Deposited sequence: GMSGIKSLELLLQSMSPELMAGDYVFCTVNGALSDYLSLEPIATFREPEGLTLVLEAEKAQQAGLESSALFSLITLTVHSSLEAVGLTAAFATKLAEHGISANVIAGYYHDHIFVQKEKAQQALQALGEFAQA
């Protein structure tokens, strides 16, 4: 019953592909300097500020970014350990890299834009 409580958690898992193209940038400066860019996500690394922002905004401000990513919010309904291992393994099996940002309420997964539809279908296999 400690085994199968994870399989129950995974069955309640529900992926949601969100709107917008995203890019990861790294900048040097105060977070305050980049507020007008309205980034969805922020991380202060010792190497500099990570901005996750709409690809539109990134090139309007002419930042050297990354490949385009799509955002999948991951919901569970609703607990045990192994959730991240499970969804990341499922994505890995389809040659999809998962760049996860834990928010307060949900896990947010950034996948290659070209692989977004593939990732949604793969993660949607759990609720069956």
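Absence of C-alpha coordinates is noted for several segments of the deposited sequence, namely 1 to 2, 81 to 82, 133.
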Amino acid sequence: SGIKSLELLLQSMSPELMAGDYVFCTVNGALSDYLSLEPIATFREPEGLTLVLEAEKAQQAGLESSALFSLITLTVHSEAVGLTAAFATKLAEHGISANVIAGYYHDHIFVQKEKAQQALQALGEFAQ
From here on, numbers count along this sequence of modelled residues.
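Between 91 to 99 and 55 to 63, it is 55 to 63 that carries the larger average Cα temperature factor according to the deposited entry. Mean CA temperature factor is higher for 3 to 11 when stretches 118 to 126 and 3 to 11 are set side by side in the entry. Residues shown: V81, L49, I40, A86. Highest C-alpha temperature factor in the entry: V81. Ranked by C-alpha B-factor against the other modelled residues of its chain, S70 falls in the lowest third.
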